[PDB]
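A short worksheet on the structure shown next.
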There are 2 protein chains.
Amino acid sequence: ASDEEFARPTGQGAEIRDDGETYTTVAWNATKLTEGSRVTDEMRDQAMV
Amino acid sequence: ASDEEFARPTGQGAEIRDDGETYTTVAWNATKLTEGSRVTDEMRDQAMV
Ligand SMILES: [Mg+2]
Ligand SMILES: [Mg+2]
Ligand SMILES: [Mg+2]
Ligand SMILES: [Mg+2]
Ligand SMILES: [Mg+2]
């Protein structure tokens with residue numbers, strides 16, 4: 001939403017003027033973060049961990 | 001309706017003459033009469049009456 005504003009002075013019996021809320025958006029577009037790793041099965045056998 | 005009248009004096013065996021009830025109207029057309037006023041909410045509040 002738009003910021004707060006201030007009311008306007010007006011004459012007695014005169015028309016109240018308009019200043020309503022205005023709207024906008026902030027967008028998101030999530031980015032794929034990725035990470036990978038590969039191990040040979042002989043390494044996977046012989047490792048202590 | 002038309003006014004009362006007087007009957008015709010006649011000879012014996014003579015034709016009776018006509019003098020039947022004639023009619024008319026008076027029209028009306030009602031005219032719109034109007035009156036109006038405005039008061040402000042501040043005046044309506046503050047007045048002693
Ligand atoms: Mg206006
Ligand atoms: Mg404004
Ligand atoms: Mg005749
Ligand atoms: Mg007559
Ligand atoms: Mg007559």
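The figures here come from the full heavy-atom set of this structure, side chains too, leaving out hydrogens, waters and symmetry mates. Note on naming: letters A, B, ... go to the chains in the order of the sequence lines (proteins, then strands), and numbering restarts at 1 for each one.
For A:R44, the side-chain contact (heavy atoms from CB on, under 4.5 Å) partners two or more places apart in sequence, or in a different chain, are A:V39, A:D41. Remark: A:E4 pairs with no residue by the side-chain contact (heavy atoms from CB on, under 4.5 Å) rule, at least two apart or across chains.
Tested against A:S2, the residues A:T24, A:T22, A:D19 include a single side-chain contact (heavy atoms from CB on, under 4.5 Å) partner, A:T22.
The two atoms that bring A:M48 and A:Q46 nearest to each other are CE-O, 3.5 Å, heavy atoms only. Listed here is the closest heavy atom pair of B:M43 and A:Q12: N-OE1, 4.1 Å.
Between B:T10 atom OG1 and B:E15 atom CD the span is 11.0 Å, to the nearest 0.5 Å.
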